[PDB]
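Reviewing the structure listed below.
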Ligand SMILES: [Zn+2]
Ligand SMILES: [Zn+2]
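Protein chains in written order, with the entry's author numbering: chain B, 981 to 1029; chain J, 1 to 66; chain S, 249 to 309.
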């Protein structure tokens, strides 16, 4: 969970070579779904990021 | 705790750099952002670990076991 | 007598509207709403609906 009440669990795991990746190669640690944003109204999470 | 080995994101070895990053802030009086730059960590996934790791190991170490 | 007749007839709350949705039965845009949340905290408000072209009620999630 975050510091904003976004509790959740791990669905599955991936390695880097099929994790998505950005131009500098910063491969992310973890990906959460966008739909947890609007209905939860958790703006400060985004601001923190 | 020690510095981690091996940044979780990227994989570059970190841990050689720790005491260097310390003495960059002890006598060289240097700003820390430039300290990491001069240490040579230009991606930021690597940069977060040195900048946020806390060293509890010596606070452990000040006991007297055996 | 005029003041008495005015005081006889009572509450007339009037249901402020918008024009975005259409009626579930009449299918016209005179729609009025409300907000509050009913169920537990994990979900948003209820988005109550109240048509005024015919008086219909429905709801959106
Ligand atoms: Zn890294
Ligand atoms: Zn209607």
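Ideal placement from N, C-alpha and C gives every residue a C-beta, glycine not left out.
Rounded to the nearest angstrom, what separates residue i and residue j at their Cα positions?
i: residue 259 of chain S; j: residue 309 of chain S; result: 30 Å
i: residue 265 of chain S; j: residue 52 of chain J; result: 53 Å
i: residue 87 of chain J; j: residue 41 of chain J; result: An answer regarding residue 87 of chain J cannot be provided, because it is not within the stretch 1 to 66 covered by chain J.
i: residue 281 of chain S; j: residue 46 of chain J; result: 51 Å
i: residue 318 of chain S; j: residue 59 of chain J; result: The question about residue 318 of chain S has no answer here: the residues shown for chain S are numbered 249 through 309.
i: residue 1001 of chain B; j: residue 5 of chain J; result: 22 Å
i: residue 294 of chain S; j: residue 995 of chain B; result: 41 Å
i: residue 273 of chain S; j: residue 267 of chain S; result: 16 Å
i: residue 29 of chain J; j: residue 54 of chain J; result: 20 Å
i: residue 1015 of chain B; j: residue 34 of chain J; result: 38 Å
i: residue 304 of chain S; j: residue 297 of chain S; result: 8 Å
i: residue 256 of chain S; j: residue 250 of chain S; result: 10 Å
i: residue 1012 of chain B; j: residue 1029 of chain B; result: 13 Å
i: residue 1027 of chain B; j: residue 36 of chain J; result: 25 Å
i: residue 284 of chain S; j: residue 261 of chain S; result: 18 Å
i: residue 991 of chain B; j: residue 1009 of chain B; result: 13 Å
i: residue 252 of chain S; j: residue 1017 of chain B; result: 56 Å
i: residue 288 of chain S; j: residue 988 of chain B; result: 18 Å
i: residue 61 of chain J; j: residue 290 of chain S; result: 45 Å
i: residue 1007 of chain B; j: residue 993 of chain B; result: 13 Å
i: residue 997 of chain B; j: residue 986 of chain B; result: 27 Å
i: residue 19 of chain J; j: residue 64 of chain J; result: 24 Å
By the 10 Å Cβ neighbour count, where 16 or more other Cβ atoms means buried, how is residue i classified, buried or exposed?
i: residue 49 of chain J; result: buried
i: residue 7 of chain J; result: buried
i: residue 17 of chain J; result: buried
i: residue 271 of chain S; result: buried
i: residue 21 of chain J; result: buried
i: residue 24 of chain J; result: buried
Using beta-carbon positions only, say whether residue i and residue j come within less than 7 Å of one another.
i: residue 15 of chain J; j: residue 3 of chain J; result: yes
i: residue 279 of chain S; j: residue 299 of chain S; result: yes
i: residue 1004 of chain B; j: residue 43 of chain J; result: yes
i: residue 66 of chain J; j: residue 1 of chain J; result: no
Since residue i and residue j should fall inside the 8 Å C-beta cutoff, what is the C-beta to C-beta distance between them, to a whole number of angstroms?
i: residue 277 of chain S; j: residue 269 of chain S; result: 7 Å
*Would you call the stretch 982-1000 of chain B and the stretch 1012-1029 of chain B in contact, with 3 or more CB pairs under 8 Å?*
yes
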